[PDB]
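What follows is the content of input.cif (mmCIF, N, CA and C atoms).
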```cif
data_work
loop_
_atom_site.group_PDB
_atom_site.id
_atom_site.type_symbol
_atom_site.label_atom_id
_atom_site.label_comp_id
_atom_site.auth_asym_id
_atom_site.auth_seq_id
_atom_site.Cartn_x
_atom_site.Cartn_y
_atom_site.Cartn_z
ATOM 1 N N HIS A 1 35.671 -11.379 -19.110
ATOM 2 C CA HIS A 1 35.528 -9.989 -19.563
ATOM 3 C C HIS A 1 34.094 -9.439 -19.606
ATOM 4 N N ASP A 2 33.205 -10.122 -20.330
ATOM 5 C CA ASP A 2 31.884 -9.577 -20.670
ATOM 6 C C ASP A 2 30.704 -10.175 -19.888
ATOM 7 N N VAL A 3 30.949 -11.279 -19.181
ATOM 8 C CA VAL A 3 29.926 -11.923 -18.337
ATOM 9 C C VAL A 3 30.229 -11.658 -16.846
ATOM 10 N N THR A 4 30.977 -10.581 -16.588
ATOM 11 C CA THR A 4 31.391 -10.194 -15.231
ATOM 12 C C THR A 4 31.235 -8.694 -14.948
ATOM 13 N N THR A 5 30.836 -8.372 -13.716
ATOM 14 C CA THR A 5 30.576 -6.986 -13.303
ATOM 15 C C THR A 5 31.739 -6.329 -12.546
ATOM 16 N N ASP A 6 31.803 -5.001 -12.645
ATOM 17 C CA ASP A 6 32.685 -4.168 -11.828
ATOM 18 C C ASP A 6 31.913 -2.929 -11.351
ATOM 19 N N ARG A 7 30.767 -3.186 -10.717
ATOM 20 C CA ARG A 7 29.854 -2.142 -10.237
ATOM 21 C C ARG A 7 29.382 -2.427 -8.811
ATOM 22 N N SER A 8 29.050 -1.361 -8.083
ATOM 23 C CA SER A 8 28.721 -1.428 -6.654
ATOM 24 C C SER A 8 27.269 -1.847 -6.364
ATOM 25 N N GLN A 9 26.875 -3.004 -6.894
ATOM 26 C CA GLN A 9 25.556 -3.583 -6.618
ATOM 27 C C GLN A 9 25.649 -4.949 -5.943
ATOM 28 N N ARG A 10 24.742 -5.174 -4.993
ATOM 29 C CA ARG A 10 24.776 -6.333 -4.093
ATOM 30 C C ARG A 10 24.270 -7.632 -4.742
ATOM 31 N N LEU A 11 24.132 -8.682 -3.927
ATOM 32 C CA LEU A 11 23.664 -9.996 -4.375
ATOM 33 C C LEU A 11 22.530 -10.541 -3.498
ATOM 34 N N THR A 12 22.624 -10.299 -2.189
ATOM 35 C CA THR A 12 21.608 -10.729 -1.222
ATOM 36 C C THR A 12 21.201 -9.556 -0.326
ATOM 37 N N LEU A 13 19.889 -9.343 -0.208
ATOM 38 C CA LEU A 13 19.327 -8.244 0.587
ATOM 39 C C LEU A 13 18.147 -8.676 1.465
ATOM 40 N N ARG A 14 17.751 -7.792 2.384
ATOM 41 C CA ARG A 14 16.646 -8.032 3.316
ATOM 42 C C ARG A 14 15.555 -6.973 3.132
ATOM 43 N N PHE A 15 14.332 -7.433 2.865
ATOM 44 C CA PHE A 15 13.178 -6.554 2.632
ATOM 45 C C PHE A 15 12.186 -6.573 3.797
ATOM 46 N N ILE A 16 11.631 -5.401 4.113
ATOM 47 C CA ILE A 16 10.724 -5.222 5.264
ATOM 48 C C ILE A 16 9.391 -4.539 4.900
ATOM 49 N N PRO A 17 8.267 -4.990 5.512
ATOM 50 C CA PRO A 17 6.962 -4.350 5.301
ATOM 51 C C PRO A 17 6.670 -3.197 6.264
ATOM 52 N N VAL A 18 5.897 -2.221 5.784
ATOM 53 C CA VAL A 18 5.444 -1.074 6.584
ATOM 54 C C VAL A 18 3.911 -1.083 6.633
ATOM 55 N N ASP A 19 3.363 -0.885 7.837
ATOM 56 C CA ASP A 19 1.913 -0.912 8.121
ATOM 57 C C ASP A 19 1.266 -2.246 7.715
ATOM 58 N N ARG A 20 1.668 -3.299 8.426
ATOM 59 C CA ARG A 20 1.204 -4.669 8.184
ATOM 60 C C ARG A 20 0.291 -5.175 9.300
ATOM 61 N N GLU A 21 -0.645 -6.053 8.932
ATOM 62 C CA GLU A 21 -1.618 -6.630 9.868
ATOM 63 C C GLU A 21 -0.978 -7.570 10.887
ATOM 64 N N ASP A 22 -1.523 -7.553 12.103
ATOM 65 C CA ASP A 22 -1.103 -8.444 13.184
ATOM 66 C C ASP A 22 -2.331 -8.878 13.996
ATOM 67 N N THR A 23 -3.138 -9.746 13.385
ATOM 68 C CA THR A 23 -4.389 -10.239 13.976
ATOM 69 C C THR A 23 -4.316 -11.757 14.192
ATOM 70 N N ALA A 24 -5.089 -12.250 15.164
ATOM 71 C CA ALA A 24 -5.069 -13.653 15.611
ATOM 72 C C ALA A 24 -5.459 -14.703 14.560
ATOM 73 N N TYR A 25 -6.260 -14.303 13.570
ATOM 74 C CA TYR A 25 -6.688 -15.205 12.490
ATOM 75 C C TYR A 25 -6.044 -14.913 11.131
ATOM 76 N N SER A 26 -5.576 -13.677 10.945
ATOM 77 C CA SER A 26 -4.899 -13.258 9.714
ATOM 78 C C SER A 26 -3.698 -12.353 9.996
ATOM 79 N N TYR A 27 -2.538 -12.751 9.477
ATOM 80 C CA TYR A 27 -1.293 -11.990 9.612
ATOM 81 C C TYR A 27 -0.750 -11.648 8.221
ATOM 82 N N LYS A 28 -0.983 -10.406 7.793
ATOM 83 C CA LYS A 28 -0.704 -9.978 6.413
ATOM 84 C C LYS A 28 0.630 -9.243 6.235
ATOM 85 N N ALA A 29 1.084 -9.181 4.982
ATOM 86 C CA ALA A 29 2.381 -8.615 4.608
ATOM 87 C C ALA A 29 2.252 -7.501 3.569
ATOM 88 N N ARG A 30 3.206 -6.569 3.592
ATOM 89 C CA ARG A 30 3.271 -5.473 2.624
ATOM 90 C C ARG A 30 4.720 -5.221 2.168
ATOM 91 N N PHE A 31 5.324 -6.246 1.565
ATOM 92 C CA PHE A 31 6.672 -6.145 1.001
ATOM 93 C C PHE A 31 6.639 -5.323 -0.287
ATOM 94 N N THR A 32 6.899 -4.024 -0.170
ATOM 95 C CA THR A 32 6.896 -3.148 -1.340
ATOM 96 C C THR A 32 8.242 -3.260 -2.069
ATOM 97 N N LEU A 33 8.344 -4.298 -2.900
ATOM 98 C CA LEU A 33 9.557 -4.615 -3.652
ATOM 99 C C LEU A 33 9.776 -3.658 -4.814
ATOM 100 N N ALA A 34 10.935 -3.007 -4.814
ATOM 101 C CA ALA A 34 11.353 -2.149 -5.914
ATOM 102 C C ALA A 34 12.790 -2.494 -6.294
ATOM 103 N N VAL A 35 12.916 -3.473 -7.190
ATOM 104 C CA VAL A 35 14.214 -3.972 -7.658
ATOM 105 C C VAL A 35 14.958 -2.891 -8.461
ATOM 106 N N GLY A 36 16.256 -2.759 -8.181
ATOM 107 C CA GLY A 36 17.123 -1.744 -8.792
ATOM 108 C C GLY A 36 17.148 -1.773 -10.308
ATOM 109 N N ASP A 37 17.330 -0.596 -10.905
ATOM 110 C CA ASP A 37 17.317 -0.429 -12.359
ATOM 111 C C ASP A 37 18.539 -1.073 -13.010
ATOM 112 N N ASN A 38 18.292 -1.769 -14.124
ATOM 113 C CA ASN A 38 19.282 -2.593 -14.845
ATOM 114 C C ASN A 38 19.881 -3.697 -13.956
ATOM 115 N N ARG A 39 18.992 -4.380 -13.235
ATOM 116 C CA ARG A 39 19.345 -5.436 -12.286
ATOM 117 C C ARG A 39 18.183 -6.429 -12.174
ATOM 118 N N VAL A 40 18.490 -7.705 -12.399
ATOM 119 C CA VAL A 40 17.492 -8.787 -12.364
ATOM 120 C C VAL A 40 17.386 -9.451 -10.986
ATOM 121 N N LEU A 41 16.260 -10.127 -10.746
ATOM 122 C CA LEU A 41 16.013 -10.841 -9.491
ATOM 123 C C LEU A 41 15.450 -12.237 -9.761
ATOM 124 N N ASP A 42 16.216 -13.257 -9.373
ATOM 125 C CA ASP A 42 15.798 -14.653 -9.494
ATOM 126 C C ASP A 42 14.939 -15.038 -8.291
ATOM 127 N N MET A 43 13.748 -15.567 -8.571
ATOM 128 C CA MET A 43 12.728 -15.812 -7.541
ATOM 129 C C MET A 43 12.784 -17.200 -6.891
ATOM 130 N N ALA A 44 13.432 -18.153 -7.564
ATOM 131 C CA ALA A 44 13.619 -19.510 -7.032
ATOM 132 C C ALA A 44 14.643 -19.563 -5.894
ATOM 133 N N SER A 45 15.503 -18.545 -5.827
ATOM 134 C CA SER A 45 16.442 -18.363 -4.719
ATOM 135 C C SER A 45 15.932 -17.317 -3.713
ATOM 136 N N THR A 46 14.679 -16.894 -3.899
ATOM 137 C CA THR A 46 14.019 -15.911 -3.039
ATOM 138 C C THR A 46 12.949 -16.596 -2.181
ATOM 139 N N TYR A 47 13.092 -16.465 -0.861
ATOM 140 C CA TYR A 47 12.113 -16.964 0.117
ATOM 141 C C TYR A 47 11.972 -15.995 1.302
ATOM 142 N N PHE A 48 10.975 -16.241 2.157
ATOM 143 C CA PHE A 48 10.651 -15.369 3.300
ATOM 144 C C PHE A 48 11.570 -15.572 4.517
ATOM 145 N N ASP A 49 11.060 -15.250 5.712
ATOM 146 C CA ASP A 49 11.737 -15.480 6.998
ATOM 147 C C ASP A 49 10.741 -15.373 8.153
ATOM 148 N N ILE A 50 10.667 -16.416 8.981
ATOM 149 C CA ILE A 50 9.900 -16.364 10.232
ATOM 150 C C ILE A 50 10.808 -15.915 11.379
ATOM 151 N N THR B 1 -13.550 34.182 22.627
ATOM 152 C CA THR B 1 -12.671 33.089 23.057
ATOM 153 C C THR B 1 -13.502 31.947 23.660
ATOM 154 N N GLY B 2 -14.779 32.233 23.915
ATOM 155 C CA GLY B 2 -15.697 31.308 24.571
ATOM 156 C C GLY B 2 -16.123 30.112 23.744
ATOM 157 N N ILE B 3 -17.304 30.214 23.138
ATOM 158 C CA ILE B 3 -17.994 29.051 22.571
ATOM 159 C C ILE B 3 -18.067 29.058 21.039
ATOM 160 N N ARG B 4 -18.500 30.182 20.461
ATOM 161 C CA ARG B 4 -18.691 30.326 19.007
ATOM 162 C C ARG B 4 -17.394 30.227 18.184
ATOM 163 N N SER B 5 -16.276 30.642 18.783
ATOM 164 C CA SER B 5 -14.972 30.718 18.108
ATOM 165 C C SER B 5 -14.402 29.365 17.666
ATOM 166 N N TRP B 6 -14.527 28.351 18.523
ATOM 167 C CA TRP B 6 -13.974 27.020 18.247
ATOM 168 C C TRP B 6 -15.037 25.937 18.020
ATOM 169 N N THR B 7 -16.220 26.131 18.604
ATOM 170 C CA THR B 7 -17.339 25.184 18.477
ATOM 171 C C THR B 7 -18.608 25.845 17.909
ATOM 172 N N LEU B 8 -19.550 25.023 17.434
ATOM 173 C CA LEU B 8 -20.778 25.508 16.783
ATOM 174 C C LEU B 8 -22.043 24.712 17.124
ATOM 175 N N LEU B 9 -23.195 25.338 16.873
ATOM 176 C CA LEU B 9 -24.515 24.725 17.036
ATOM 177 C C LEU B 9 -25.048 24.275 15.673
ATOM 178 N N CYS B 10 -25.499 23.022 15.608
ATOM 179 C CA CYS B 10 -25.994 22.413 14.367
ATOM 180 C C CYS B 10 -27.223 21.527 14.584
ATOM 181 N N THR B 11 -27.992 21.326 13.510
ATOM 182 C CA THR B 11 -29.086 20.351 13.480
ATOM 183 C C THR B 11 -28.470 18.941 13.478
ATOM 184 N N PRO B 12 -28.852 18.087 14.459
ATOM 185 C CA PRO B 12 -28.171 16.797 14.644
ATOM 186 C C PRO B 12 -28.421 15.771 13.537
ATOM 187 N N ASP B 13 -27.393 14.968 13.263
ATOM 188 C CA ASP B 13 -27.472 13.829 12.350
ATOM 189 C C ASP B 13 -27.134 12.542 13.104
ATOM 190 N N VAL B 14 -27.784 11.446 12.712
ATOM 191 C CA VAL B 14 -27.688 10.155 13.417
ATOM 192 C C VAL B 14 -26.298 9.533 13.272
ATOM 193 N N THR B 15 -25.886 9.313 12.024
ATOM 194 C CA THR B 15 -24.536 8.855 11.690
ATOM 195 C C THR B 15 -23.642 10.068 11.404
ATOM 196 N N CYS B 16 -22.364 9.815 11.102
ATOM 197 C CA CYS B 16 -21.371 10.870 10.823
ATOM 198 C C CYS B 16 -21.709 11.779 9.629
ATOM 199 N N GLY B 17 -22.709 11.377 8.844
ATOM 200 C CA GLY B 17 -23.183 12.144 7.696
ATOM 201 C C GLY B 17 -22.916 11.400 6.407
ATOM 202 N N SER B 18 -22.253 12.080 5.474
ATOM 203 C CA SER B 18 -21.826 11.473 4.220
ATOM 204 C C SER B 18 -20.304 11.571 4.094
ATOM 205 N N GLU B 19 -19.613 10.618 4.716
ATOM 206 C CA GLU B 19 -18.156 10.532 4.633
ATOM 207 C C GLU B 19 -17.759 9.729 3.398
ATOM 208 N N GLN B 20 -16.739 10.222 2.696
ATOM 209 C CA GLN B 20 -16.324 9.690 1.395
ATOM 210 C C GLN B 20 -15.676 8.310 1.484
ATOM 211 N N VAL B 21 -16.313 7.341 0.826
ATOM 212 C CA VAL B 21 -15.838 5.952 0.788
ATOM 213 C C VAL B 21 -15.118 5.643 -0.527
ATOM 214 N N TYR B 22 -14.154 4.728 -0.467
ATOM 215 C CA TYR B 22 -13.232 4.508 -1.583
ATOM 216 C C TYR B 22 -13.318 3.100 -2.200
ATOM 217 N N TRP B 23 -14.547 2.746 -2.589
ATOM 218 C CA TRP B 23 -14.884 1.534 -3.348
ATOM 219 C C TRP B 23 -14.100 1.426 -4.652
ATOM 220 N N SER B 24 -13.787 0.191 -5.053
ATOM 221 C CA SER B 24 -13.081 -0.084 -6.312
ATOM 222 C C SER B 24 -13.228 -1.515 -6.829
ATOM 223 N N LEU B 25 -13.008 -1.712 -8.130
ATOM 224 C CA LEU B 25 -12.923 -3.036 -8.803
ATOM 225 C C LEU B 25 -11.669 -2.838 -9.690
ATOM 226 N N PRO B 26 -10.533 -2.634 -8.980
ATOM 227 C CA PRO B 26 -9.229 -2.095 -9.502
ATOM 228 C C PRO B 26 -8.513 -2.899 -10.581
ATOM 229 N N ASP B 27 -8.696 -4.209 -10.563
ATOM 230 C CA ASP B 27 -7.993 -5.120 -11.500
ATOM 231 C C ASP B 27 -8.333 -4.744 -12.901
ATOM 232 N N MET B 28 -9.596 -4.372 -13.115
ATOM 233 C CA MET B 28 -10.054 -3.993 -14.431
ATOM 234 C C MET B 28 -9.606 -2.590 -14.944
ATOM 235 N N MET B 29 -9.742 -1.529 -14.143
ATOM 236 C CA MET B 29 -9.328 -0.162 -14.524
ATOM 237 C C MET B 29 -7.885 0.066 -14.039
ATOM 238 N N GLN B 30 -6.851 0.168 -14.909
ATOM 239 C CA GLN B 30 -5.468 0.140 -14.383
ATOM 240 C C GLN B 30 -5.265 1.216 -13.324
ATOM 241 N N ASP B 31 -5.638 2.388 -13.662
ATOM 242 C CA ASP B 31 -5.718 3.512 -12.774
ATOM 243 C C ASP B 31 -6.375 4.527 -13.658
ATOM 244 N N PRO B 32 -7.543 4.985 -13.167
ATOM 245 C CA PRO B 32 -8.415 5.932 -13.885
ATOM 246 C C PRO B 32 -7.779 7.223 -14.294
ATOM 247 N N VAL B 33 -7.256 7.985 -13.337
ATOM 248 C CA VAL B 33 -6.612 9.202 -13.742
ATOM 249 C C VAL B 33 -5.404 9.512 -12.897
ATOM 250 N N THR B 34 -5.448 9.192 -11.624
ATOM 251 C CA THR B 34 -4.335 9.524 -10.771
ATOM 252 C C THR B 34 -4.208 8.544 -9.621
ATOM 253 N N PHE B 35 -3.844 7.272 -9.952
ATOM 254 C CA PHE B 35 -3.690 6.268 -8.929
ATOM 255 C C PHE B 35 -2.671 5.199 -9.156
ATOM 256 N N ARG B 36 -2.003 4.994 -8.032
ATOM 257 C CA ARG B 36 -0.906 4.028 -7.803
ATOM 258 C C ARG B 36 -1.457 2.742 -7.180
ATOM 259 N N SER B 37 -0.911 1.576 -7.580
ATOM 260 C CA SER B 37 -1.413 0.269 -7.146
ATOM 261 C C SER B 37 -0.600 -0.539 -6.124
ATOM 262 N N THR B 38 -1.280 -0.905 -5.052
ATOM 263 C CA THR B 38 -0.807 -1.874 -4.073
ATOM 264 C C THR B 38 -2.143 -2.587 -3.604
ATOM 265 N N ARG B 39 -2.345 -3.848 -4.124
ATOM 266 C CA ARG B 39 -3.502 -4.771 -4.004
ATOM 267 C C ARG B 39 -3.997 -5.369 -2.645
ATOM 268 N N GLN B 40 -3.247 -5.392 -1.552
ATOM 269 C CA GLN B 40 -3.995 -5.981 -0.444
ATOM 270 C C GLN B 40 -4.698 -4.857 0.359
ATOM 271 N N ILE B 41 -5.303 -5.333 1.412
ATOM 272 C CA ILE B 41 -6.154 -4.622 2.343
ATOM 273 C C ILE B 41 -5.516 -3.589 3.228
ATOM 274 N N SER B 42 -4.684 -2.770 2.652
ATOM 275 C CA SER B 42 -4.064 -1.711 3.435
ATOM 276 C C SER B 42 -4.326 -0.401 2.687
ATOM 277 N N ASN B 43 -4.085 -0.423 1.376
ATOM 278 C CA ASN B 43 -4.240 0.764 0.531
ATOM 279 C C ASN B 43 -4.672 0.408 -0.896
ATOM 280 N N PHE B 44 -5.959 0.132 -1.059
ATOM 281 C CA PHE B 44 -6.547 -0.235 -2.353
ATOM 282 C C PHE B 44 -6.628 0.990 -3.237
ATOM 283 N N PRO B 45 -6.240 0.871 -4.463
ATOM 284 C CA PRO B 45 -6.296 2.007 -5.393
ATOM 285 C C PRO B 45 -7.752 2.480 -5.634
ATOM 286 N N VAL B 46 -8.041 3.756 -5.353
ATOM 287 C CA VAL B 46 -9.360 4.399 -5.446
ATOM 288 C C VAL B 46 -9.844 4.655 -6.896
ATOM 289 N N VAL B 47 -11.174 4.536 -7.110
ATOM 290 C CA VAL B 47 -11.746 4.863 -8.434
ATOM 291 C C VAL B 47 -12.782 6.007 -8.359
ATOM 292 N N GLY B 48 -12.769 6.734 -7.242
ATOM 293 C CA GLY B 48 -13.682 7.849 -7.042
ATOM 294 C C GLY B 48 -14.333 7.862 -5.657
ATOM 295 N N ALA B 49 -15.204 8.846 -5.438
ATOM 296 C CA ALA B 49 -15.942 8.981 -4.183
ATOM 297 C C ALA B 49 -17.387 8.506 -4.320
ATOM 298 N N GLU B 50 -17.824 7.724 -3.334
ATOM 299 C CA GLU B 50 -19.163 7.138 -3.299
ATOM 300 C C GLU B 50 -19.858 7.479 -1.973
ATOM 301 N N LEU B 51 -21.165 7.222 -1.900
ATOM 302 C CA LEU B 51 -21.942 7.430 -0.678
ATOM 303 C C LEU B 51 -22.270 6.108 0.021
ATOM 304 N N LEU B 52 -21.779 5.984 1.254
ATOM 305 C CA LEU B 52 -22.074 4.865 2.152
ATOM 306 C C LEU B 52 -23.543 4.929 2.605
#
```

Target encoding structure tokens, full file:
Amino acid sequence: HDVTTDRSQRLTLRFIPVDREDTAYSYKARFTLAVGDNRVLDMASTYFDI
Amino acid sequence: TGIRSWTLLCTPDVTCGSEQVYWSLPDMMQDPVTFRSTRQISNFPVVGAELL
């Protein structure tokens, strides 16, 4: 009953950077993370992608 | 329509002049009066205008 949701919010998503570096010695990222309101994010299950 | 309308004559300067640079030590000042934060080398939060 109370430890379960009935709302249209996801579980796994894909985040993308805008205006990021692409140089031979340094390759930088700009993941502008904005997690949804009244919604938590566990970071130990969060990793990147090559 | 010739020359004066779109272009002008000026006393020459060596460099571009005094173009506004956006130096900061942002970690310390959260945002002075009107600034949003994103910390890497793409868009550092400004703390005013300085002379290069």

Within 8 Å of chain A, which residues of chain B show up when using only N, CA and C atoms, listed as JSON, numbers by chain? {"B": [40, 41, 42]}

Atom C of residue 10 in chain B sits from CA of residue 22 in chain B at a separation of 27.3 Å

Please enclose the listed atoms of range 32-43 of chain A in an axis-aligned box, pad each side by 8 Å, and write out the centre and the three edge lengths in Å, rounded to one decimal, as lines of an AutoDock Vina configuration file.
```
center_x = 13.4
center_y = -8.8
center_z = -7.5
size_x = 29.0
size_y = 32.8
size_z = 30.7
```

Distance cut-off 8 Å, centre (-8.9, 4.6, -13.1) in file coordinates, counting all atoms listed in the file: which residues qualify? Return them as a PyMOL selection string. chain B and resi 26+28-35+45-48

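Nearest to residue 52 in chain B of all the residues B:24, B:11, B:18, B:5 is B:18, counting only C-alpha atoms.
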
If we count only N, CA and C atoms and set the cut-off at 6.5 Å, which residues sit around residue 51 in chain B, ignoring sequence neighbours fewer than 3 positions away in its own chain? Please answer as a PDB file with N, CA and C atoms, keeping the file's coordinate frame.
```pdb
ATOM      1  N   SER B  18     -22.253  12.080   5.474  1.00  0.00           N
ATOM      2  CA  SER B  18     -21.826  11.473   4.220  1.00  0.00           C
ATOM      3  C   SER B  18     -20.304  11.571   4.094  1.00  0.00           C
ATOM      4  N   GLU B  19     -19.613  10.618   4.716  1.00  0.00           N
ATOM      5  CA  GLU B  19     -18.156  10.532   4.633  1.00  0.00           C
ATOM      6  C   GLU B  19     -17.759   9.729   3.398  1.00  0.00           C
ATOM      7  N   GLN B  20     -16.739  10.222   2.696  1.00  0.00           N
ATOM      8  CA  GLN B  20     -16.324   9.690   1.395  1.00  0.00           C
ATOM      9  C   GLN B  20     -15.676   8.310   1.484  1.00  0.00           C
ATOM     10  N   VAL B  21     -16.313   7.341   0.826  1.00  0.00           N
ATOM     11  CA  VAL B  21     -15.838   5.952   0.788  1.00  0.00           C
ATOM     12  C   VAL B  21     -15.118   5.643  -0.527  1.00  0.00           C
TER      13      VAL B  21
END
```

Using DSSP secondary structure from the backbone, list all strand (DSSP E or B) positions within chain B, as a PyMOL selection string. chain B and resi 20-21+50-51

If the PyMOL selection byres (((chain A and resi 9-14 and name CA) around 12) and name CA) were run on this exact file, what residues would it hold? Put them as a list in words.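 Against this file, the PyMOL selection byres (((chain A and resi 9-14 and name CA) around 12) and name CA) returns the residues residues 5, 6, 7, 8, 15, 16, 17, 31, 32, 33, 34, 35, 36, 37, 38, 39, 40, 41, 42, 45, 46, 47, 48 and 49 of chain A.
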
Written file, previous selection with N, CA and C atoms, as a PDB file, in the coordinates of the input:
```pdb
ATOM      1  N   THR A   5      30.836  -8.372 -13.716  1.00  0.00           N
ATOM      2  CA  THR A   5      30.576  -6.986 -13.303  1.00  0.00           C
ATOM      3  C   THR A   5      31.739  -6.329 -12.546  1.00  0.00           C
ATOM      4  N   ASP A   6      31.803  -5.001 -12.645  1.00  0.00           N
ATOM      5  CA  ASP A   6      32.685  -4.168 -11.828  1.00  0.00           C
ATOM      6  C   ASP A   6      31.913  -2.929 -11.351  1.00  0.00           C
ATOM      7  N   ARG A   7      30.767  -3.186 -10.717  1.00  0.00           N
ATOM      8  CA  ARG A   7      29.854  -2.142 -10.237  1.00  0.00           C
ATOM      9  C   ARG A   7      29.382  -2.427  -8.811  1.00  0.00           C
ATOM     10  N   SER A   8      29.050  -1.361  -8.083  1.00  0.00           N
ATOM     11  CA  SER A   8      28.721  -1.428  -6.654  1.00  0.00           C
ATOM     12  C   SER A   8      27.269  -1.847  -6.364  1.00  0.00           C
ATOM     13  N   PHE A  15      14.332  -7.433   2.865  1.00  0.00           N
ATOM     14  CA  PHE A  15      13.178  -6.554   2.632  1.00  0.00           C
ATOM     15  C   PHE A  15      12.186  -6.573   3.797  1.00  0.00           C
ATOM     16  N   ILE A  16      11.631  -5.401   4.113  1.00  0.00           N
ATOM     17  CA  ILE A  16      10.724  -5.222   5.264  1.00  0.00           C
ATOM     18  C   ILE A  16       9.391  -4.539   4.900  1.00  0.00           C
ATOM     19  N   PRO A  17       8.267  -4.990   5.512  1.00  0.00           N
ATOM     20  CA  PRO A  17       6.962  -4.350   5.301  1.00  0.00           C
ATOM     21  C   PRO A  17       6.670  -3.197   6.264  1.00  0.00           C
ATOM     22  N   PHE A  31       5.324  -6.246   1.565  1.00  0.00           N
ATOM     23  CA  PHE A  31       6.672  -6.145   1.001  1.00  0.00           C
ATOM     24  C   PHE A  31       6.639  -5.323  -0.287  1.00  0.00           C
ATOM     25  N   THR A  32       6.899  -4.024  -0.170  1.00  0.00           N
ATOM     26  CA  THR A  32       6.896  -3.148  -1.340  1.00  0.00           C
ATOM     27  C   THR A  32       8.242  -3.260  -2.069  1.00  0.00           C
ATOM     28  N   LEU A  33       8.344  -4.298  -2.900  1.00  0.00           N
ATOM     29  CA  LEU A  33       9.557  -4.615  -3.652  1.00  0.00           C
ATOM     30  C   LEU A  33       9.776  -3.658  -4.814  1.00  0.00           C
ATOM     31  N   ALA A  34      10.935  -3.007  -4.814  1.00  0.00           N
ATOM     32  CA  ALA A  34      11.353  -2.149  -5.914  1.00  0.00           C
ATOM     33  C   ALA A  34      12.790  -2.494  -6.294  1.00  0.00           C
ATOM     34  N   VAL A  35      12.916  -3.473  -7.190  1.00  0.00           N
ATOM     35  CA  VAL A  35      14.214  -3.972  -7.658  1.00  0.00           C
ATOM     36  C   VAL A  35      14.958  -2.891  -8.461  1.00  0.00           C
ATOM     37  N   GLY A  36      16.256  -2.759  -8.181  1.00  0.00           N
ATOM     38  CA  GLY A  36      17.123  -1.744  -8.792  1.00  0.00           C
ATOM     39  C   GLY A  36      17.148  -1.773 -10.308  1.00  0.00           C
ATOM     40  N   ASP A  37      17.330  -0.596 -10.905  1.00  0.00           N
ATOM     41  CA  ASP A  37      17.317  -0.429 -12.359  1.00  0.00           C
ATOM     42  C   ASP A  37      18.539  -1.073 -13.010  1.00  0.00           C
ATOM     43  N   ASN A  38      18.292  -1.769 -14.124  1.00  0.00           N
ATOM     44  CA  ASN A  38      19.282  -2.593 -14.845  1.00  0.00           C
ATOM     45  C   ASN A  38      19.881  -3.697 -13.956  1.00  0.00           C
ATOM     46  N   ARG A  39      18.992  -4.380 -13.235  1.00  0.00           N
ATOM     47  CA  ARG A  39      19.345  -5.436 -12.286  1.00  0.00           C
ATOM     48  C   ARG A  39      18.183  -6.429 -12.174  1.00  0.00           C
ATOM     49  N   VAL A  40      18.490  -7.705 -12.399  1.00  0.00           N
ATOM     50  CA  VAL A  40      17.492  -8.787 -12.364  1.00  0.00           C
ATOM     51  C   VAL A  40      17.386  -9.451 -10.986  1.00  0.00           C
ATOM     52  N   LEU A  41      16.260 -10.127 -10.746  1.00  0.00           N
ATOM     53  CA  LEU A  41      16.013 -10.841  -9.491  1.00  0.00           C
ATOM     54  C   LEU A  41      15.450 -12.237  -9.761  1.00  0.00           C
ATOM     55  N   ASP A  42      16.216 -13.257  -9.373  1.00  0.00           N
ATOM     56  CA  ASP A  42      15.798 -14.653  -9.494  1.00  0.00           C
ATOM     57  C   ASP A  42      14.939 -15.038  -8.291  1.00  0.00           C
ATOM     58  N   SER A  45      15.503 -18.545  -5.827  1.00  0.00           N
ATOM     59  CA  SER A  45      16.442 -18.363  -4.719  1.00  0.00           C
ATOM     60  C   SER A  45      15.932 -17.317  -3.713  1.00  0.00           C
ATOM     61  N   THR A  46      14.679 -16.894  -3.899  1.00  0.00           N
ATOM     62  CA  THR A  46      14.019 -15.911  -3.039  1.00  0.00           C
ATOM     63  C   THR A  46      12.949 -16.596  -2.181  1.00  0.00           C
ATOM     64  N   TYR A  47      13.092 -16.465  -0.861  1.00  0.00           N
ATOM     65  CA  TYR A  47      12.113 -16.964   0.117  1.00  0.00           C
ATOM     66  C   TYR A  47      11.972 -15.995   1.302  1.00  0.00           C
ATOM     67  N   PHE A  48      10.975 -16.241   2.157  1.00  0.00           N
ATOM     68  CA  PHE A  48      10.651 -15.369   3.300  1.00  0.00           C
ATOM     69  C   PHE A  48      11.570 -15.572   4.517  1.00  0.00           C
ATOM     70  N   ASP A  49      11.060 -15.250   5.712  1.00  0.00           N
ATOM     71  CA  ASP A  49      11.737 -15.480   6.998  1.00  0.00           C
ATOM     72  C   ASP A  49      10.741 -15.373   8.153  1.00  0.00           C
TER      73      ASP A  49
END
```

So how far away is atom N of residue 24 in chain A from atom C of residue 38 in chain B, in Å? 21.3 Å

Can you measure CA of residue 36 in chain B to CA of residue 26 in chain A for me? One decimal in Å is fine. 24.9 Å
